[PDB]
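Given as structure tokens, the chain that follows is alone and in the form solved without its partner chain.
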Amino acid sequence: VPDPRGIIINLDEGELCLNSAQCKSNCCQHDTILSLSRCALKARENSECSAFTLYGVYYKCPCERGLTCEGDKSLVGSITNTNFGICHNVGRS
């Protein structure tokens, strides 16, 4: 009996997900506070990205391989959870 098989993951983007660690592209995308979440792709250069990640669903997914999330301010009259950085090519050498 080779150890307990609890790691049942690997789902493509465009399908209904609970957390972000279930899809192949680790990005369960939140439909703005309502919580009906569907998987998506990671962010590209000059797009909004979440600089920290939890064990769960994301409002703006993190940056691609070699690019950083630039999370310095982004609070132009803040009431909801709308505070995000921009993807740029700093995390390489």
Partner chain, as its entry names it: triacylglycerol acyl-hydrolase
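Numbering follows the first chain given and starts at 1.
Unshown form deposited with its partner chain bound; subsequent notes refer to it.
S.K.: May I ask you to check whether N46 falls inside a 4.5 Å heavy atom distance of its partner chain in the bound PDB entry?
M.R.: Residue-level check for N46: yes, a contact with its partner chain.
S.K.: My question is simply whether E13 lines the interface with its partner chain in the bound PDB entry - judged by any non-hydrogen atom within 4.5 Å.
M.R.: Heavy-atom contact with its partner chain at 4.5 Å: present for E13.
S.K.: Test of understanding: in the bound PDB entry, would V57 fall inside 4.5 Å of its partner chain by heavy atoms?
M.R.: No - in the bound PDB entry, heavy atoms of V57 and its partner chain never come within 4.5 Å of each other.
S.K.: So in the bound PDB entry, does any heavy atom of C28 sit within 4.5 Å of its partner chain?
M.R.: No, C28 sits far enough from its partner chain in the bound PDB entry that none of its heavy atoms falls within 4.5 Å.
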